[PDB]
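**Q** The following file, entry23.csv, comprises CSV, C-alpha atoms and all ligand atoms:
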chain,number,residue,atom,x,y,z
A,81,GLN,CA,-29.3,-19.7,26.9
A,82,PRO,CA,-30.1,-18.2,23.5
A,83,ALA,CA,-29.2,-19.8,20.2
A,84,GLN,CA,-25.8,-18.8,18.9
A,85,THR,CA,-25.4,-15.8,16.6
A,86,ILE,CA,-22.2,-14.6,15.0
A,87,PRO,CA,-21.8,-10.9,15.8
A,88,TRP,CA,-21.3,-8.5,12.9
A,89,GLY,CA,-17.8,-7.7,14.1
A,90,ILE,CA,-16.6,-11.3,14.0
A,91,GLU,CA,-18.0,-11.4,10.4
A,92,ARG,CA,-16.3,-8.2,9.4
A,93,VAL,CA,-12.8,-9.3,10.5
A,94,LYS,CA,-13.3,-12.5,8.4
A,95,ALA,CA,-12.8,-15.0,11.1
A,96,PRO,CA,-15.3,-17.7,10.3
A,97,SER,CA,-13.6,-18.9,7.2
A,98,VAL,CA,-10.3,-19.4,9.2
A,99,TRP,CA,-11.9,-21.9,11.5
A,100,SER,CA,-11.4,-24.9,9.3
A,101,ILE,CA,-7.6,-24.3,9.5
A,102,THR,CA,-7.5,-23.3,13.2
A,103,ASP,CA,-9.8,-21.9,15.9
A,104,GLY,CA,-6.7,-21.1,18.0
A,105,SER,CA,-6.8,-24.3,20.0
A,106,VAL,CA,-3.0,-25.0,19.6
A,107,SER,CA,-1.6,-25.9,23.0
A,108,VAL,CA,1.4,-23.6,23.3
A,109,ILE,CA,-0.9,-20.6,22.5
A,110,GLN,CA,-2.4,-18.4,25.3
A,111,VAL,CA,-4.0,-15.0,25.1
A,112,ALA,CA,-3.7,-12.8,28.2
A,113,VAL,CA,-6.6,-10.3,28.8
A,114,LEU,CA,-5.7,-7.5,31.4
A,115,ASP,CA,-9.1,-6.2,32.3
A,116,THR,CA,-11.9,-6.2,35.0
A,117,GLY,CA,-11.7,-10.0,35.4
A,118,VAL,CA,-14.1,-12.7,34.0
A,119,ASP,CA,-17.4,-14.5,34.7
A,120,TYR,CA,-15.4,-17.7,34.8
A,121,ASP,CA,-18.3,-20.1,34.7
A,122,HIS,CA,-20.1,-18.4,31.8
A,123,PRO,CA,-21.3,-21.4,29.7
A,124,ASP,CA,-19.9,-19.7,26.5
A,125,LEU,CA,-16.5,-19.0,28.0
A,126,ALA,CA,-15.5,-21.5,30.7
A,127,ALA,CA,-13.9,-24.2,28.6
A,128,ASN,CA,-11.5,-21.7,27.3
A,129,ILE,CA,-10.4,-20.1,30.6
A,130,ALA,CA,-7.0,-21.6,31.3
A,131,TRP,CA,-5.9,-19.3,34.2
A,132,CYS,CA,-7.6,-16.7,36.3
A,133,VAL,CA,-5.4,-14.3,38.3
A,134,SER,CA,-5.8,-10.9,40.1
A,135,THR,CA,-3.2,-8.2,40.7
A,136,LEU,CA,-5.5,-5.8,42.4
A,137,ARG,CA,-3.8,-3.7,45.1
A,138,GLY,CA,-0.4,-5.1,44.3
A,139,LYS,CA,-1.6,-8.5,45.7
A,140,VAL,CA,-1.3,-11.5,43.3
A,141,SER,CA,-4.3,-13.8,44.0
A,142,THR,CA,-5.5,-16.7,41.9
A,143,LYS,CA,-8.6,-17.1,44.2
A,144,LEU,CA,-11.6,-17.4,41.7
A,145,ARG,CA,-13.5,-15.2,44.0
A,146,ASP,CA,-10.9,-12.4,43.7
A,147,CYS,CA,-10.6,-12.9,40.0
A,148,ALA,CA,-14.3,-12.7,39.1
A,149,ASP,CA,-15.6,-9.8,36.9
A,150,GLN,CA,-17.6,-7.3,39.0
A,151,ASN,CA,-18.0,-4.7,36.2
A,152,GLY,CA,-18.7,-6.8,33.1
A,153,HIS,CA,-16.2,-5.2,30.7
A,154,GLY,CA,-13.7,-8.0,30.9
A,155,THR,CA,-16.3,-10.7,30.3
A,156,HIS,CA,-17.3,-8.8,27.2
A,157,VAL,CA,-13.8,-8.4,25.9
A,158,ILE,CA,-12.9,-12.0,26.5
A,159,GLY,CA,-16.1,-13.1,24.7
A,160,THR,CA,-15.1,-11.2,21.5
A,161,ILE,CA,-11.7,-13.1,21.4
A,162,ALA,CA,-12.7,-16.6,22.6
A,163,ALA,CA,-16.5,-17.2,23.0
A,164,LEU,CA,-17.1,-20.9,22.2
A,165,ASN,CA,-18.4,-22.0,18.8
A,166,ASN,CA,-21.3,-24.1,19.9
A,167,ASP,CA,-25.1,-23.8,20.0
A,168,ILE,CA,-25.4,-20.9,22.3
A,169,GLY,CA,-24.6,-17.3,22.8
A,170,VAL,CA,-22.0,-15.8,20.6
A,171,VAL,CA,-18.6,-16.8,19.1
A,172,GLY,CA,-15.1,-15.3,19.3
A,173,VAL,CA,-12.6,-14.5,16.6
A,174,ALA,CA,-10.5,-17.5,17.9
A,175,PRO,CA,-13.2,-19.7,19.5
A,176,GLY,CA,-10.8,-22.4,20.8
A,177,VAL,CA,-7.9,-20.2,22.2
A,178,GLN,CA,-6.9,-20.5,25.7
A,179,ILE,CA,-7.4,-17.4,27.8
A,180,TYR,CA,-5.5,-16.0,30.7
A,181,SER,CA,-7.8,-13.6,32.6
A,182,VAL,CA,-5.6,-11.1,34.5
A,183,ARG,CA,-7.7,-8.8,36.6
A,184,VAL,CA,-6.0,-5.4,36.8
A,185,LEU,CA,-9.1,-3.2,36.9
A,186,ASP,CA,-11.5,-3.1,39.9
A,187,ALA,CA,-15.4,-3.0,40.0
A,188,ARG,CA,-15.4,0.6,38.7
A,189,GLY,CA,-13.2,-0.3,35.8
A,190,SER,CA,-10.4,1.8,37.0
A,191,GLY,CA,-7.0,0.5,37.7
A,192,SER,CA,-3.5,1.5,39.0
A,193,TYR,CA,-0.6,1.5,36.7
A,194,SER,CA,1.2,-0.5,39.3
A,195,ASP,CA,-1.4,-3.3,39.2
A,196,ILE,CA,-1.3,-3.3,35.4
A,197,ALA,CA,2.4,-3.6,35.3
A,198,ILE,CA,2.2,-6.5,37.7
A,199,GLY,CA,-0.5,-7.9,35.3
A,200,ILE,CA,1.9,-7.8,32.4
A,201,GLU,CA,4.6,-9.5,34.5
A,202,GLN,CA,2.1,-12.3,35.4
A,203,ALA,CA,1.2,-12.8,31.7
A,204,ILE,CA,5.0,-13.4,31.0
A,205,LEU,CA,5.7,-15.5,34.1
A,206,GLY,CA,2.6,-17.6,33.7
A,207,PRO,CA,1.1,-20.0,36.3
A,208,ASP,CA,4.5,-21.5,37.1
A,209,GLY,CA,5.9,-18.1,38.1
A,210,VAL,CA,8.9,-18.4,35.9
A,211,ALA,CA,9.4,-16.6,32.6
A,212,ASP,CA,12.0,-18.9,30.9
A,213,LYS,CA,12.2,-22.1,32.7
A,214,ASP,CA,14.8,-23.8,30.6
A,215,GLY,CA,16.8,-20.6,30.0
A,216,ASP,CA,17.0,-20.6,26.2
A,217,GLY,CA,15.7,-17.1,25.6
A,218,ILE,CA,12.5,-18.3,24.1
A,219,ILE,CA,9.4,-17.5,26.0
A,220,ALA,CA,6.4,-16.8,23.8
A,221,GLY,CA,6.0,-19.9,21.7
A,222,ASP,CA,8.3,-22.1,23.8
A,223,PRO,CA,6.2,-25.3,24.7
A,224,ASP,CA,8.3,-25.7,27.8
A,225,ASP,CA,7.1,-22.4,29.1
A,226,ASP,CA,3.6,-21.1,29.9
A,227,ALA,CA,3.9,-17.5,28.9
A,228,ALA,CA,1.1,-15.9,26.9
A,229,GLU,CA,1.7,-15.0,23.2
A,230,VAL,CA,-0.7,-12.1,23.2
A,231,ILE,CA,-1.3,-9.5,25.8
A,232,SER,CA,-4.6,-7.6,25.2
A,233,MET,CA,-5.2,-4.3,27.0
A,234,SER,CA,-8.6,-2.7,26.5
A,235,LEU,CA,-7.7,0.2,28.8
A,236,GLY,CA,-5.4,3.2,29.0
A,237,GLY,CA,-4.3,6.4,30.7
A,238,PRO,CA,-2.5,9.7,29.8
A,239,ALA,CA,0.7,9.0,31.7
A,240,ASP,CA,3.9,7.6,30.3
A,241,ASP,CA,5.8,6.0,33.2
A,242,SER,CA,9.2,4.3,32.8
A,243,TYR,CA,8.6,1.2,34.9
A,244,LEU,CA,5.4,0.5,32.9
A,245,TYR,CA,7.3,1.1,29.7
A,246,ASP,CA,10.1,-1.1,30.9
A,247,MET,CA,7.6,-3.9,31.6
A,248,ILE,CA,6.0,-3.5,28.1
A,249,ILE,CA,9.6,-3.9,26.7
A,250,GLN,CA,10.0,-7.0,28.7
A,251,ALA,CA,6.9,-8.5,27.2
A,252,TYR,CA,8.0,-7.6,23.6
A,253,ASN,CA,11.3,-9.2,24.2
A,254,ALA,CA,9.7,-12.2,25.4
A,255,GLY,CA,8.2,-12.4,21.9
A,256,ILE,CA,4.7,-11.4,23.0
A,257,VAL,CA,2.4,-9.5,20.8
A,258,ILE,CA,0.9,-6.5,22.6
A,259,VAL,CA,-2.4,-5.0,21.7
A,260,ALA,CA,-4.2,-2.1,23.2
A,261,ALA,CA,-7.1,0.3,22.7
A,262,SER,CA,-6.4,3.7,21.3
A,263,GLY,CA,-8.7,5.6,23.6
A,264,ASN,CA,-12.2,7.0,23.5
A,265,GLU,CA,-11.8,10.8,23.6
A,266,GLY,CA,-11.6,11.5,19.8
A,267,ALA,CA,-8.0,12.6,20.5
A,268,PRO,CA,-5.2,13.1,18.0
A,269,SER,CA,-3.2,10.1,19.1
A,270,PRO,CA,-3.6,7.0,21.3
A,271,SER,CA,-3.5,6.7,25.0
A,272,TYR,CA,-0.9,4.7,26.9
A,273,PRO,CA,0.1,2.0,26.5
A,274,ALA,CA,-1.3,1.8,22.9
A,275,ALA,CA,1.1,4.7,22.0
A,276,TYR,CA,4.2,2.8,22.7
A,277,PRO,CA,6.0,1.5,19.6
A,278,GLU,CA,6.0,-2.0,20.9
A,279,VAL,CA,2.2,-2.1,21.2
A,280,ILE,CA,-0.5,-2.3,18.6
A,281,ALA,CA,-2.8,0.7,18.9
A,282,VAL,CA,-6.4,-0.2,17.8
A,283,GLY,CA,-9.1,2.2,16.7
A,284,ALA,CA,-12.9,1.4,16.4
A,285,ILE,CA,-15.1,1.3,13.2
A,286,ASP,CA,-18.9,1.0,13.1
A,287,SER,CA,-21.0,-1.3,11.0
A,288,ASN,CA,-21.0,1.1,8.0
A,289,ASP,CA,-17.2,1.1,8.0
A,290,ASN,CA,-16.9,4.6,9.4
A,291,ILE,CA,-14.5,5.4,12.2
A,292,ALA,CA,-16.2,6.1,15.5
A,293,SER,CA,-16.2,9.7,16.4
A,294,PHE,CA,-14.8,8.7,19.8
A,295,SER,CA,-11.9,6.7,18.5
A,296,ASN,CA,-8.4,8.2,19.3
A,297,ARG,CA,-6.6,8.9,16.1
A,298,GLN,CA,-3.5,7.6,14.6
A,299,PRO,CA,-3.9,3.9,15.5
A,300,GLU,CA,-2.1,1.1,13.9
A,301,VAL,CA,-5.1,-0.8,12.8
A,302,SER,CA,-8.8,-0.6,13.4
A,303,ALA,CA,-11.6,-3.0,14.2
A,304,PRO,CA,-15.3,-3.4,15.0
A,305,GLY,CA,-16.1,-1.2,18.0
A,306,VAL,CA,-19.6,0.0,17.9
A,307,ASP,CA,-22.7,-2.1,18.7
A,308,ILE,CA,-20.6,-5.2,19.6
A,309,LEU,CA,-22.6,-8.0,21.1
A,310,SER,CA,-20.6,-10.3,23.4
A,311,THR,CA,-20.7,-12.2,26.7
A,312,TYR,CA,-21.6,-10.3,29.8
A,313,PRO,CA,-22.2,-11.3,33.4
A,314,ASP,CA,-23.9,-13.4,34.7
A,315,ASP,CA,-23.9,-16.0,32.1
A,316,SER,CA,-25.6,-13.4,29.8
A,317,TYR,CA,-24.8,-11.1,26.8
A,318,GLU,CA,-24.8,-7.3,26.1
A,319,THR,CA,-24.0,-4.9,23.4
A,320,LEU,CA,-21.4,-2.2,23.9
A,321,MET,CA,-19.1,0.2,22.2
A,322,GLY,CA,-15.5,1.5,22.5
A,323,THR,CA,-12.0,1.1,21.4
A,324,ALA,CA,-12.1,-1.6,24.2
A,325,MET,CA,-14.4,-3.8,21.9
A,326,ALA,CA,-12.3,-3.3,18.9
A,327,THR,CA,-9.0,-4.3,20.6
A,328,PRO,CA,-10.0,-8.0,21.2
A,329,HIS,CA,-10.9,-8.4,17.6
A,330,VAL,CA,-7.2,-7.7,16.8
A,331,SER,CA,-5.9,-9.8,19.6
A,332,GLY,CA,-8.1,-12.7,18.2
A,333,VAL,CA,-6.6,-12.3,14.8
A,334,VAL,CA,-3.1,-12.4,16.2
A,335,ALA,CA,-4.0,-15.5,18.2
A,336,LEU,CA,-5.1,-17.2,14.9
A,337,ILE,CA,-2.0,-16.1,13.1
A,338,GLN,CA,0.3,-17.5,15.7
A,339,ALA,CA,-1.8,-20.6,16.2
A,340,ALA,CA,-1.8,-21.4,12.4
A,341,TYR,CA,1.9,-20.8,12.1
A,342,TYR,CA,2.8,-23.0,15.1
A,343,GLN,CA,0.5,-25.7,13.8
A,344,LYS,CA,2.3,-25.8,10.4
A,345,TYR,CA,5.8,-24.9,11.4
A,346,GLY,CA,6.5,-25.6,15.0
A,347,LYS,CA,7.4,-22.0,15.8
A,348,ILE,CA,5.8,-18.6,16.1
A,349,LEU,CA,6.4,-15.4,14.2
A,350,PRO,CA,8.4,-12.4,15.6
A,351,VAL,CA,6.3,-9.6,16.7
A,352,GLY,CA,7.5,-6.9,14.3
A,353,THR,CA,7.2,-3.2,14.2
A,354,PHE,CA,4.9,-0.5,13.2
A,355,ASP,CA,6.5,0.3,9.7
A,356,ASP,CA,6.7,-3.4,8.9
A,357,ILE,CA,5.1,-4.2,5.6
A,358,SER,CA,6.6,-7.6,5.1
A,359,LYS,CA,5.0,-11.0,5.5
A,360,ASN,CA,7.7,-12.1,7.9
A,361,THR,CA,6.2,-10.8,11.2
A,362,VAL,CA,2.8,-10.6,12.9
A,363,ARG,CA,2.5,-6.8,12.6
A,364,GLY,CA,3.7,-6.9,9.0
A,365,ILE,CA,1.1,-9.4,8.1
A,366,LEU,CA,-1.6,-7.5,10.0
A,367,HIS,CA,-0.6,-4.4,8.2
A,368,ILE,CA,-0.5,-5.7,4.5
A,369,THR,CA,-3.6,-7.8,4.9
A,370,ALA,CA,-5.7,-5.0,6.6
A,371,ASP,CA,-8.7,-3.7,4.6
A,372,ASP,CA,-7.5,-0.3,3.6
A,373,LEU,CA,-10.3,2.1,4.3
A,374,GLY,CA,-10.4,5.9,3.9
A,375,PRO,CA,-7.5,7.3,1.9
A,376,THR,CA,-5.1,5.0,0.2
A,377,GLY,CA,-2.5,3.7,2.7
A,378,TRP,CA,-2.1,4.3,6.4
A,379,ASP,CA,-4.2,7.2,7.5
A,380,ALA,CA,-5.0,8.9,10.8
A,381,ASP,CA,-8.5,7.4,11.1
A,382,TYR,CA,-8.2,3.7,10.4
A,383,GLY,CA,-4.4,3.1,10.6
A,384,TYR,CA,-3.4,0.5,8.1
A,385,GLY,CA,-7.0,-0.6,8.0
A,386,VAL,CA,-9.5,-3.2,9.3
A,387,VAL,CA,-7.9,-6.4,10.4
A,388,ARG,CA,-8.8,-9.5,8.4
A,389,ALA,CA,-8.2,-12.9,9.8
A,390,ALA,CA,-8.8,-15.0,6.6
A,391,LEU,CA,-6.2,-13.0,4.7
A,392,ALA,CA,-3.6,-12.8,7.6
A,393,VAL,CA,-3.6,-16.5,8.1
A,394,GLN,CA,-3.2,-17.2,4.4
A,395,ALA,CA,-0.3,-14.8,4.3
A,396,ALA,CA,1.3,-16.5,7.3
A,397,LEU,CA,1.0,-20.0,5.9
A,398,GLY,CA,2.1,-19.1,2.4
B,5,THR,CA,0.3,7.4,53.0
B,6,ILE,CA,0.9,7.2,49.3
B,7,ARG,CA,1.8,4.3,46.9
B,8,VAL,CA,4.7,5.0,44.5
B,9,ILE,CA,6.9,2.9,42.3
B,10,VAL,CA,10.7,3.2,42.6
B,11,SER,CA,13.2,2.4,39.9
B,12,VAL,CA,16.2,1.0,41.8
B,13,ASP,CA,19.9,0.2,41.3
B,14,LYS,CA,20.0,-3.4,42.3
B,15,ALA,CA,23.7,-2.9,43.4
B,16,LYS,CA,22.6,-0.5,46.1
B,17,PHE,CA,19.0,-1.4,47.0
B,18,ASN,CA,17.6,-3.7,49.7
B,19,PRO,CA,13.9,-3.9,50.5
B,20,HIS,CA,14.7,-3.6,54.2
B,21,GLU,CA,15.8,0.0,53.6
B,22,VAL,CA,12.2,1.1,53.0
B,23,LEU,CA,11.1,0.6,56.6
B,24,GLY,CA,13.8,3.2,57.8
B,25,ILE,CA,11.8,6.0,56.0
B,26,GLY,CA,8.5,4.9,57.4
B,27,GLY,CA,7.4,2.7,54.5
B,28,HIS,CA,6.6,-0.8,53.4
B,29,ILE,CA,7.1,-3.0,50.3
B,30,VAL,CA,4.0,-3.8,48.4
B,31,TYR,CA,5.6,-5.7,45.4
B,32,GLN,CA,9.0,-6.4,44.1
B,33,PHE,CA,9.1,-6.9,40.3
B,34,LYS,CA,10.7,-10.0,39.1
B,35,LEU,CA,11.4,-8.8,35.6
B,36,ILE,CA,12.4,-5.1,36.0
B,37,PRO,CA,14.4,-3.2,38.7
B,38,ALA,CA,11.5,-1.6,40.5
B,39,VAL,CA,9.5,-1.9,43.6
B,40,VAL,CA,6.0,-0.8,44.6
B,41,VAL,CA,6.0,0.8,48.0
B,42,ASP,CA,3.7,2.6,50.4
B,43,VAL,CA,5.2,5.6,52.1
B,44,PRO,CA,4.1,8.7,54.1
B,45,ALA,CA,3.5,11.6,51.7
B,46,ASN,CA,6.4,13.5,53.4
B,47,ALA,CA,8.7,10.7,52.8
B,48,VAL,CA,8.9,11.1,49.0
B,49,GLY,CA,11.9,13.4,49.3
B,50,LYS,CA,13.8,10.9,51.5
B,51,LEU,CA,13.4,8.1,49.0
B,52,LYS,CA,14.8,10.5,46.4
B,53,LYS,CA,17.7,11.1,48.7
B,54,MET,CA,18.4,7.3,48.7
B,55,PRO,CA,21.4,6.4,46.5
B,56,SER,CA,19.7,3.1,45.5
B,57,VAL,CA,16.7,5.1,44.2
B,58,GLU,CA,17.1,6.3,40.6
B,59,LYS,CA,13.4,7.5,40.0
B,60,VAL,CA,10.2,7.7,42.1
B,61,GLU,CA,7.0,7.7,40.1
B,62,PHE,CA,3.5,8.2,41.3
B,63,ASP,CA,0.9,5.4,40.8
B,64,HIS,CA,-1.2,6.7,38.0
B,65,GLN,CA,-4.8,5.7,37.0
B,66,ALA,CA,-6.0,3.8,33.9
B,67,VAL,CA,-9.6,3.3,32.9
B,68,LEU,CA,-11.5,0.7,30.9
B,69,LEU,CA,-12.2,1.8,27.3
A,401,CA,CA,2.4,-19.9,25.5
A,402,CA,CA,-21.2,-19.8,21.5
A,403,CA,CA,6.2,-19.4,33.1
A,404,CA,CA,12.3,-21.1,27.3
A,405,CA,CA,12.8,-24.0,25.5
A,406,CA,CA,-21.5,-16.8,35.7
A,407,CA,CA,-6.4,4.0,4.4
A,408,ZN,ZN,0.5,-0.3,52.4
Represent the structure from my file as structure tokens, please.
Ligand SMILES: [Ca+2]
Ligand SMILES: [Ca+2]
Ligand SMILES: [Ca+2]
Ligand SMILES: [Ca+2]
Ligand SMILES: [Ca+2]
Ligand SMILES: [Ca+2]
Ligand SMILES: [Ca+2]
Ligand SMILES: [Zn+2]
**A**
Amino acid sequence: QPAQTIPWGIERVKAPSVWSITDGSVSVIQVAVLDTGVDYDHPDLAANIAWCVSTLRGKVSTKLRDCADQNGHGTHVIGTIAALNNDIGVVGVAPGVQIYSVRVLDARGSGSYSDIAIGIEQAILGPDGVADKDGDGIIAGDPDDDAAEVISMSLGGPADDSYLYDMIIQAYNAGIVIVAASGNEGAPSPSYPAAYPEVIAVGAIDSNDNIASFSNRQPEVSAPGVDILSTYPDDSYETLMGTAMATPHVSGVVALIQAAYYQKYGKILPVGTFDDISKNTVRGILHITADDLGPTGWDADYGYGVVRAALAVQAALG
Amino acid sequence: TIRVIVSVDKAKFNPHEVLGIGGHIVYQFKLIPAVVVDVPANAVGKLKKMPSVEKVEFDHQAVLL
């Protein structure tokens, strides 16, 4: 194992300075990552893997074997959120957050919308298979439940289907923050599900703060997505690009916001909307504390700007 | 056979109805009124004809980004 380095993207989103307050290791907080699966014994990820599930072929399996990453993309994404702060490898935006790895993409990195919908349902239900055990309407942030608080989707397609949208709505109503990649075709607007109003569409910047030529336009926010070093199978590391690598930076930031808020106040913040510019919701905070690049204000390249954890957490707590 | 996802009216739907048109249930959602089903390609019209079926959608493809 190589000595630990902090990848430029983790630096750029201002995560390291948040770690004295929280690294996301608040018990009620889980991040669900719907992707190719995970190298579940990777030394730099294992301790943060709380649940491994697969929805491939409409069959829900928690057999490790069926949940393992056979592509690598998922392992990389997960590493960007939650690689462990230690002496090896890399480090995530939220290096102590619990991860739910929900495998909705197969070896080829392609997936059915049906499987992905099922995947969102599983992030909501949690290991116990029940959304709201005690029946009080609180799901995300309810310590009595095991739902994830963040759903991270580094994937997309061109189709807008009603059942998948209805499941997205269910997640939002459960109080879950939904984050997705804008797409990698240099298109005028985001793929689905990033283009739904309930979801945070994320574009990719490179290391000189320019927007990637491949990044689908009109995102909500943007994040490091070119030359991003992270964990990769088997028990190794690799450097990749895409709006897929940006997405987890944002999910990490959200995790830290919700974790810091719950730690101080024993509650989480509402999810919020796109137009939100208050300090009273997750998305509002993300928007007002984003590094505003390009033209003043929201713009078609960067969205509201580059997410900044240090500032988002300060705004949440104050 | 194709895989499709049907949006259903729970007041008229029963998973056992699918077998009648040659199909089988793959997954019943717990949180929305929809079912994933496999059916013969020439059975799509019959599903549509079912009073419990409000919408039939094809299973689309997403890719890693
Ligand atoms: Ca939770
Ligand atoms: Ca590490
Ligand atoms: Ca549950
Ligand atoms: Ca509850
Ligand atoms: Ca409760
Ligand atoms: Ca391994
Ligand atoms: Ca701007
Ligand atoms: Zn079948």
**Q** For a quick test of understanding: name the residues of chain A lying within 6 Å of chain B when counting all atoms listed in the file, and present them as a PyMOL selection string.
**A** chain A and resi 189-193+234-237+322-324
**Q** With a cut-off of 12 Å, could you pull out the residues of chain A touching ligand ZN 408 (chain A) and give me the nearest pair of atoms for each, distance in Å to one decimal, using all atoms listed in the file, ordered by chain and ascending number, as CSV?
**A**
residue,atom,partner,partner_atom,distance
A:137,CA,A:ZN408,ZN,9.1
A:138,CA,A:ZN408,ZN,9.5
A:139,CA,A:ZN408,ZN,10.8
**Q** Keeping only C-alpha atoms, write the selected residues as a PDB file, in the frame of the given file.
**A**
ATOM      1  CA  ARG A 137      -3.800  -3.700  45.100  1.00  0.00           C
ATOM      2  CA  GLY A 138      -0.400  -5.100  44.300  1.00  0.00           C
ATOM      3  CA  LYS A 139      -1.600  -8.500  45.700  1.00  0.00           C
TER       4      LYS A 139
END
**Q** Quote the spacing between atom CA of residue A:197 and atom CA of residue A:246 in Å to one decimal place.
**A**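 Rounded to one decimal, the two atoms are 9.2 Å apart.
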**Q** Let me see if you get this right: every residue at most 6 Å from ligand CA 405 (chain A), counting all atoms listed in the file, written as number ranges by chain.
**A** A: 214, 216, 218, 222, 224
**Q** Within 10 Å of ligand CA 404 (chain A), counting only C-alpha atoms and all ligand atoms: which residues, as a list in words?
**A**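 Residues lying within 10 Å of ligand CA 404 (chain A): residues 210, 211, 212, 213, 214, 215, 216, 217, 218, 219, 220, 221, 222, 223, 224, 225, 226, 227 and 254 of chain A.
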**Q** Take the residues that were just selected and, keeping C-alpha atoms, output them as an mmCIF file, keeping the file's coordinate frame.
**A**
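Result went into result-v5.cif, see below:
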data_model
loop_
_atom_site.group_PDB
_atom_site.id
_atom_site.type_symbol
_atom_site.label_atom_id
_atom_site.label_comp_id
_atom_site.auth_asym_id
_atom_site.auth_seq_id
_atom_site.Cartn_x
_atom_site.Cartn_y
_atom_site.Cartn_z
ATOM 1 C CA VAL A 210 8.900 -18.400 35.900
ATOM 2 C CA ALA A 211 9.400 -16.600 32.600
ATOM 3 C CA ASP A 212 12.000 -18.900 30.900
ATOM 4 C CA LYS A 213 12.200 -22.100 32.700
ATOM 5 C CA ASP A 214 14.800 -23.800 30.600
ATOM 6 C CA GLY A 215 16.800 -20.600 30.000
ATOM 7 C CA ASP A 216 17.000 -20.600 26.200
ATOM 8 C CA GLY A 217 15.700 -17.100 25.600
ATOM 9 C CA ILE A 218 12.500 -18.300 24.100
ATOM 10 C CA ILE A 219 9.400 -17.500 26.000
ATOM 11 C CA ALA A 220 6.400 -16.800 23.800
ATOM 12 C CA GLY A 221 6.000 -19.900 21.700
ATOM 13 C CA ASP A 222 8.300 -22.100 23.800
ATOM 14 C CA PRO A 223 6.200 -25.300 24.700
ATOM 15 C CA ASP A 224 8.300 -25.700 27.800
ATOM 16 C CA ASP A 225 7.100 -22.400 29.100
ATOM 17 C CA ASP A 226 3.600 -21.100 29.900
ATOM 18 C CA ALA A 227 3.900 -17.500 28.900
ATOM 19 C CA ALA A 254 9.700 -12.200 25.400
#
**Q** Find the distance between atom CA of residue A:392 and atom CA of residue A:284 and write it in Å to one decimal.
**A**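 For atom CA of residue A:392 relative to atom CA of residue A:284, the distance reads 19.1 Å.
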**Q** Within 12 Å of ligand CA 401 (chain A), which residues show up when you count all atoms listed in the file? List them as a count of residues only, please.
**A** 46
**Q** Find the residues near ligand CA 402 (chain A). Use a cut-off of 10 Å, count all atoms listed in the file, and write them as a VMD selection string.
**A** chain A and resid 81 to 86 123 to 125 159 162 to 172 175 310 to 311
**Q** Could you list, as a list in words, all residues that come within 9 Å of ligand CA 407 (chain A)? Count only C-alpha atoms and all ligand atoms.
**A**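 So, counting only C-alpha atoms and all ligand atoms, the residues near ligand CA 407 (chain A) are residues 371, 372, 373, 374, 375, 376, 377, 378, 379, 380, 381, 382, 383, 384 and 385 of chain A.
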**Q** Which residues are near ligand CA 406 (chain A) in this structure, taking near to mean any atom at most 7 Å from a ligand atom and counting only C-alpha atoms and all ligand atoms? Format them as number ranges by chain.
**A** A: 119-122, 313-315
**Q** Can stretch 45-55 of chain B be brought up to N, CA and C atoms and written out as a PDB file, keeping the file's coordinate frame?
**A**
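Written file, selection-v6.pdb:
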ATOM      1  N   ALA B  45       3.376  10.566  52.750  1.00  0.00           N
ATOM      2  CA  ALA B  45       3.500  11.600  51.700  1.00  0.00           C
ATOM      3  C   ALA B  45       4.761  12.499  51.820  1.00  0.00           C
ATOM      4  N   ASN B  46       5.185  12.733  53.062  1.00  0.00           N
ATOM      5  CA  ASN B  46       6.400  13.500  53.400  1.00  0.00           C
ATOM      6  C   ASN B  46       7.657  12.712  53.353  1.00  0.00           C
ATOM      7  N   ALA B  47       7.573  11.499  52.837  1.00  0.00           N
ATOM      8  CA  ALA B  47       8.700  10.700  52.800  1.00  0.00           C
ATOM      9  C   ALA B  47       9.233  10.543  51.315  1.00  0.00           C
ATOM     10  N   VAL B  48       8.550  11.200  50.405  1.00  0.00           N
ATOM     11  CA  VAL B  48       8.900  11.100  49.000  1.00  0.00           C
ATOM     12  C   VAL B  48      10.283  11.651  48.785  1.00  0.00           C
ATOM     13  N   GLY B  49      10.589  12.776  49.414  1.00  0.00           N
ATOM     14  CA  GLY B  49      11.900  13.400  49.300  1.00  0.00           C
ATOM     15  C   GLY B  49      13.067  12.553  49.801  1.00  0.00           C
ATOM     16  N   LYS B  50      12.826  11.839  50.914  1.00  0.00           N
ATOM     17  CA  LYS B  50      13.800  10.900  51.500  1.00  0.00           C
ATOM     18  C   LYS B  50      14.160   9.798  50.593  1.00  0.00           C
ATOM     19  N   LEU B  51      13.136   9.208  49.937  1.00  0.00           N
ATOM     20  CA  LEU B  51      13.400   8.100  49.000  1.00  0.00           C
ATOM     21  C   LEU B  51      14.277   8.657  47.897  1.00  0.00           C
ATOM     22  N   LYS B  52      13.972   9.861  47.421  1.00  0.00           N
ATOM     23  CA  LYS B  52      14.800  10.500  46.400  1.00  0.00           C
ATOM     24  C   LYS B  52      16.176  10.595  46.759  1.00  0.00           C
ATOM     25  N   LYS B  53      16.360  10.963  48.021  1.00  0.00           N
ATOM     26  CA  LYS B  53      17.700  11.100  48.700  1.00  0.00           C
ATOM     27  C   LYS B  53      18.426   9.725  48.746  1.00  0.00           C
ATOM     28  N   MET B  54      17.736   8.596  48.614  1.00  0.00           N
ATOM     29  CA  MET B  54      18.400   7.300  48.700  1.00  0.00           C
ATOM     30  C   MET B  54      19.308   6.978  47.545  1.00  0.00           C
ATOM     31  N   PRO B  55      20.581   6.588  47.736  1.00  0.00           N
ATOM     32  CA  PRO B  55      21.400   6.400  46.500  1.00  0.00           C
ATOM     33  C   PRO B  55      20.955   5.209  45.697  1.00  0.00           C
TER      34      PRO B  55
END
